[PDB]
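Visitor: Let's see this in three dimensions:
(chains A, B, C, D, E, F, G, H and I)
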Amino acid sequence: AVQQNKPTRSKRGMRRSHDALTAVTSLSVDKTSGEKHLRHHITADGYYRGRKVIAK
Amino acid sequence: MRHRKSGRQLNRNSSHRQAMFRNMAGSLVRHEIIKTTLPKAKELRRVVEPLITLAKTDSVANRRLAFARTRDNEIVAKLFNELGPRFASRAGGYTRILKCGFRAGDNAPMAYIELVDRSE
Amino acid sequence: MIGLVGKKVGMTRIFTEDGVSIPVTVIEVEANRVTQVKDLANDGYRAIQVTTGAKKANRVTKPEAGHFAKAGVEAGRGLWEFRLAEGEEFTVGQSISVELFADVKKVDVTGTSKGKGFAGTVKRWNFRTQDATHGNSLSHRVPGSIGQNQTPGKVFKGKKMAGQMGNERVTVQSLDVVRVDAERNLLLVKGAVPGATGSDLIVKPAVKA
Amino acid sequence: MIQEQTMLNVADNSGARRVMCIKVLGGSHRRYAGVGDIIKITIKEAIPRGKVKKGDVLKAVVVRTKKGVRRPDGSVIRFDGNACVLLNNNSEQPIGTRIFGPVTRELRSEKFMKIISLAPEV
Amino acid sequence: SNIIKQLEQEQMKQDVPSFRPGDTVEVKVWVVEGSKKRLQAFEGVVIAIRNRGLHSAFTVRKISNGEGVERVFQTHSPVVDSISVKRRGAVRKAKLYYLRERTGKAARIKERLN
RNA sequence: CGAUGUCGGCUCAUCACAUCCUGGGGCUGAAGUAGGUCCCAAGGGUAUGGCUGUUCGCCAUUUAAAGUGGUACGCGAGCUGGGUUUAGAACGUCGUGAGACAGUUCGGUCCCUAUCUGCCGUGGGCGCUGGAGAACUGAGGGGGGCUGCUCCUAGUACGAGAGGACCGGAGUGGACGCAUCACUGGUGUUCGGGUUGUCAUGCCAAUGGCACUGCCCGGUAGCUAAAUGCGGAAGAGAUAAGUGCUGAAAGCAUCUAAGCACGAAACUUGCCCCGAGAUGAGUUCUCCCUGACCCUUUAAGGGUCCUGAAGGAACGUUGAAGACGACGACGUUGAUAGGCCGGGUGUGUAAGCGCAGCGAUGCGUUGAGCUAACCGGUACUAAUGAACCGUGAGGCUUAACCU
RNA sequence: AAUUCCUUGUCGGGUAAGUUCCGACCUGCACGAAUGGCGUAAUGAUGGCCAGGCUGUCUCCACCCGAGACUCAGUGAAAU
RNA sequence: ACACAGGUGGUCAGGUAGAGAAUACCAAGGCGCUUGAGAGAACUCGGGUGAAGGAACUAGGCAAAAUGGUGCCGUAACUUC
RNA sequence: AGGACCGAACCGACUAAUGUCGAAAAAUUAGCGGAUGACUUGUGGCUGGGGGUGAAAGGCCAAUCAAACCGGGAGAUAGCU
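Guide: Numbering: from 1, shown residues only, chains lettered A, B, ... in the order given. Please see the structure below:
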């Protein structure tokens, strides 16, 4: 249930191919406050679609 | 394989699942807005909505029924007296879901669930 | 012979006057609009291409609508091709209806079965379970032995093991057609066709005997 | 559904009380017996004066089934018990004459028409 | 959908007697004898009623000569002929399955007549 | 021999043909029928139980038949441990004894998270050479291929009588496989009700918590079989054994050397599924793109700013789609999901109130009350624009068509 | 037979079928009288057999509720 | 060896039901076990239910299932009574 | 009265599953046997390696038992690897 010969560092790297994270690239700037909030996510202060939504 | 199946387990047995919604609903009504995890928030939508629909009418039977579940005199008095008349006109949809951030410590997607009104 | 594209809308039973309860599926076969005809001259084979339904105008996109534009036919949900049987001839824009099947007695339904997902061999190939008790440890529904030994030293291609079951195009042949309604665009075939209620089916006459 | 090792209540005046099936006939590895089939039985409980005795082999036709049958309209006929009618192992004719309880309609074969006439109901 | 229901509503015979699961009912049913078509009788207790519109059905338990016989019927089949109720019983349950094992003494259903 | 680790059974198989069944033929001391024997033929099929640990074998009962073998006497990094080989113990026999056995008898630790090859599924990358959105072609590959019985013919051909066809047609079944919940049922710890014990709600009443869902009676949607439908095939081409035809060598004759016609579940197709990563990378239809420039080894080049389309992806509501990806619907010009409204279904007469009864309890209001995924509507709530990716006319050579 | 090789002895009971089981026979391969012999009520987490009851052990699995498995975030081994 | 499902002498030990220091629910009192969030595949582990048949499974009824309490009645062969 | 019966505490460890680099260098869960006696248990003593003790297996003697552990002769010897 174990290895037979150790895998090469080359074969090690190929297994790490599909491990890079994906960047966001969807930072919608708010209409009024202009924060860098994600789409369909409220801002850091609680603004969404140009509205004090959180009341906080 | 849950074809056409509803509900969510939320990694809990039924009794605990049910009892935490009994607590979460009353926690909402007393505060009108709470922060919770997103999947929990979506499942709360199928619980409080029946109660506001239960408060759109009023009787003694409904008062006992909304006391049958939710088990609180304070909440049932918060219900049937203010939330009912406040939502007398709306045909369903008494909750809003706002996705806040990410709970650093378990990376959970948290969200804000509140009443539609919240007029101050 | 050519066929049509319907939509599986539930199933029910039709009582006969003989008391024979005949279970039938209900298929709404809308107006099959022939989009484009291919020929031995241009393509290398004689066949037509049809469409049904109507997609949302703002949803249907440029190339497909432009494809629908040369045909001059109102847009539907996707296309389907049908090989001609050398002698029948239909032109672009002709609205094939369910009236074609009001002569036949056995049809063929091509459908896309329900998806069971990653299904075990017991559910996939109907393997026998190995004993529930009598000391059997940690092994009830596994397949067990899958090869011989050193002689083959490998696993043969086509071993029945676990995998994705369902969600695959199948075709039930020779279903007795019962009633062909035009005004309701309905087709009542005996039996049970593949797919969940609401899915799309290719219906065609029975090539088999 | 009757199978091997299935206890059957006797339904004639052949002289038995309890019989046990051993082998469903008609086809290799057939696993079930419906209302109009022949099965091979043994005798496990008999009256002291009957035509048969405890420990013989012969055939029967299972006339009543707790699973029941399905009529072509979809209706079912489920009895309370499992009853058989003994046969003659070569000529297939019933041994006893008087048959108790109802029988189904689907037993209506030319070779079981004798049983149809002797049954009281259905 | 509207398609199945239209297709079903033109099949249900619109003359069902509203019986109750616990009422003794005589059911008359057709029987074909090759060529000769005859009527056949059946009277027992209604122990289970299932409603699905066209697929609505009902089961009748009749203790025959010695033992019980249970039989279901497709309500909307042409095979049934007349479902004349005989006695309004008074039972609480919706499915009377305890009558499968309660014969003789306990098999007395209580008549309602209210 | 610095370990190839077990007899048989179980689950799961694959191949050979010296063929058990089914199929096609030859000959008889084959009348018919039903068999005997030999040849061709591997495609599918090829029991359930009793005793034994058994393989085997005997027996019982079936079946169209319950084939012989190779695969580390297939399979134990898949299970079991009965047999067999551990340390306990006893019987008989042999030995002075320790112990032993052509012997049998009870009990007795079966370890391993898969790197690679392999196999079953499912995606990402780039390429397919201008890019993108779809519909197919079809190389090639895989699945599938079993058969009993009854009737018509006919009780005819044949026969001494008794018996008793072939061939062709049709119906009805067993096993198996694919598919689907309309029916018959299963389950349904998210739906309704009953009820034991006990705690809390200040008490009674009415509810709620826990005791395996506390114990249970029913039960929608799904999933599902024991349920319900469907399939095997015909036919075509070229053949085996074999049957021939017309025919020389060999004036004859001869199935053959020339040629020619039939001839199997076998073979290549036909039937269903996968399938252009088939680098030989296909075809057709459609849509989009027609910038100013510097630069150098004037290179199918890069660089600067300007434009960035068709379309795509991400994000979001999500799904009879699904492990994760992927795939399908919709994203307000919107019915995608929740809620709501009506219906349906399921459970069986809520609570409160009023009457009668000593009371438990029963009756009226009430086929009520409450209803999870189901069905038809409804924007009440949540799917915000836009951004990001993707470009700017598509190398060279030759040839044929037009200046 | 806890002992019997030959052997699944032979006969009878039980079973549709019984190398095990119970009774019997006697050729006891190689029983035997305190290395105790033959029976024996009761008792036994004792060896073997049969029957009723009861059931998913099995025909043949089907569905559902939880803990992992799978995905995301943090930490992070092992034989070889 | 560890912030380890193990082991460790003596005293105290209430309410309801119950024979009981059993068990069930609770009081006093003490805690939610020191990784969570979603998903709701195959398969494994702990369990619930099952149509018809009911040991046919298997080395073997292994395991599960079932029986299970109180009062009264009644109770064989055999026996050291 | 009982080396009596059923059965918790306590003691023991027959069956099965899980575990097997485990939670644990023999445990957990589900059922089981004894449970006023040849019983069990706290504290403190006495018996020691070819000896101690043994309701007797050759078991236990500080996770070690055909003979403990520590140090010494001892760098034993090794026709073998």
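
Visitor: Skipping its backbone neighbours, what lies nearest residue 27 in space?
Guide: Picking chain A for this. residue A:36 (4.6 Å; CB to CB, 6 or more residues apart in numbering or on different chains). Bear in mind the C-beta positions are built from the backbone N, C-alpha and C, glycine included.

Visitor: oops, chain E please
Guide: Using CB to CB, 6+ apart, the closest residue to residue E:27 is residue E:42 (4.5 Å).

Visitor: doesn't residue E:62 make contact with the one you found?
Guide: Yes - Residue E:42 is within contact range of residue E:62, at 6.4 Å (criterion: CB atoms under 8 Å).

Visitor: circling back: which element, helix or strand, includes the residue nearest to residue E:27?
Guide: Taking DSSP states H and E as the definition, residue E:42 sits inside strand E:36-50.

Visitor: For the next helix or strand along the chain from that strand, C-alpha coordinates in CSV please.
Guide: Sequence-wise, the next helix or strand downstream of strand E:36-50 (DSSP H and E) is strand E:57-63. In CSV, the C-alpha atoms belonging to strand E:57-63 read as follows (Å, rounded to 0.1, in the frame of the first residue of the first chain):
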residue,chain,number,x,y,z
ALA,E,57,-59.2,3.2,-5.3
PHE,E,58,-60.7,1.3,-2.4
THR,E,59,-60.1,-2.0,-0.7
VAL,E,60,-62.8,-4.3,0.6
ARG,E,61,-62.3,-7.0,3.1
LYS,E,62,-64.8,-9.9,3.0
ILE,E,63,-64.5,-13.0,5.2
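
Visitor: Quick one: residues in contact with strand E:57-63.
Guide: E:19, E:21, E:25, E:27, E:42-50, E:68-75, E:96, E:99-100, E:103, E:107 (CB atoms under 8 Å, 6 or more residues apart in numbering or on different chains).

Visitor: that older thread, pretty sure the residue nearest to residue A:27 contacts residue A:26?
Guide: No - with contact defined as CB under 8 Å, residue A:36 does not reach residue A:26; the gap is 10.3 Å.

Visitor: before we move on, back to that, can you spell out which residues form a bridge with the residue nearest to residue A:27?
Guide: residue A:29 (DSSP bridges).

Visitor: So what's the residue count around it?
Guide: Residues within reach of residue A:36, counting by other CB atoms under 10 Å in any protein chain shown, total 11.

Visitor: Please enumerate the helices of chain B.
Guide: B:14-31, B:38-55, B:61-68, B:73-78, B:83-86 (DSSP state H).

Visitor: now do chain E
Guide: Using DSSP H, helices in chain E cover E:2-9.

Visitor: Just give me the residue right at the centre of it.
Guide: Geometric centre of chain E, nearest residue: residue E:58, 4.2 Å, by CA atoms, centre = their mean.

Visitor: check contacts around residue D:36.
Guide: D:61, D:106-107, D:109, D:112.

Visitor: cutoff 6 Å now
Guide: By CB atoms under 6 Å, 6 or more residues apart in numbering or on different chains, the contact set of residue D:36 is D:106-107.

Visitor: Regarding it, which helix or strand does it belong to?
Guide: Per DSSP H and E: nothing holds residue D:36, as it lies in no helix or strand.

Visitor: now it: how far from residue D:58?
Guide: Separation of residue D:36 from residue D:58 (CB to CB, to the nearest Å): 18 Å.

Visitor: and residue C:92, which of the three is it?
Guide: coil (DSSP: H, G, I helix; E, B strand; the rest coil).

Visitor: Apart from its chain neighbours, what residue comes closest to it?
Guide: Here the residue nearest residue C:92, using CB to CB, 6+ apart, is residue C:71, at 5.4 Å.

Visitor: Correct me if wrong: the one you found contacts residue C:94.
Guide: No - if you go by CB atoms under 6 Å, residue C:71 and residue C:94 don't touch, sitting 10.8 Å apart.

Visitor: Mind checking which of those two has more residues around it?
Guide: Neighbour totals were compared for residue C:71 and residue C:94, and residue C:71 leads with 17 against 14 (other CB under 10 Å).

Visitor: With RNA strand I as the reference, measure out to that one.
Guide: Using CB to the nearest atom of the strand, to the nearest Å, we find residue C:71 at a distance of 63 Å from RNA strand I.

Visitor: what's that residue in contact with, if anything?
Guide: Neighbours of residue C:71 in contact, by CB under 6 Å, 6+ apart: C:35-36, C:92.

Visitor: which among those residues gets closest to RNA strand G?
Guide: Nearest to RNA strand G among the contacts of residue C:71 is residue C:35, at 41.0 Å by CB to the nearest atom of the strand.

Visitor: ok, what's across the strand from the closest residue to residue C:206 other than its chain neighbours?
Guide: Of all residues not flanking residue C:206 in the chain, residue C:106 sits nearest, at 3.8 Å (CB to CB, 6+ apart). Per DSSP bridges, the residues bridged to residue C:106 are residue C:176.

Visitor: Residue C:106 and residue C:174 touch, don't they?
Guide: Yes - Residue C:106 is within contact range of residue C:174, at 4.8 Å (criterion: CB under 6 Å).

Visitor: what's the overlap in contacts for those two?
Guide: residue C:206.

Visitor: quick one: the residue nearest to residue C:92 and residue C:63, what's the gap?
Guide: Residue C:71 is 13 Å from residue C:63, by CB to CB.

Visitor: Pull up the gap between the residue of chain B found nearest chain E and residue D:89, please.
Guide: Of all residues in chain B, residue B:4 sits closest to chain E, at 15.1 Å by CB to the nearest CB. Separation of residue B:4 from residue D:89 (CB to CB): 54 Å.

Visitor: Neighbour count for the two, which is higher?
Guide: For residue B:4 versus residue D:89, the count of surrounding residues by other CB under 10 Å is larger for residue D:89: 13 against 6.

Visitor: which residues sit in contact with that one?
Guide: Counting by CB under 6 Å, 6+ apart, residue D:89 has contacts D:58-59.

Visitor: Helix, strand or coil: sort out it for me.
Guide: Applying three-state DSSP: residue D:89 is coil.

Visitor: check which helix or strand covers residue D:18.
Guide: Short version, using DSSP H and E: residue D:18 is in strand D:16-24.

Visitor: Get me the contact residues on chain C for chain E.
Guide: By CB under 6 Å from any CB of the partner chain, the residues of chain C that approach chain E are C:9-10, C:12, C:15, C:17, C:19.
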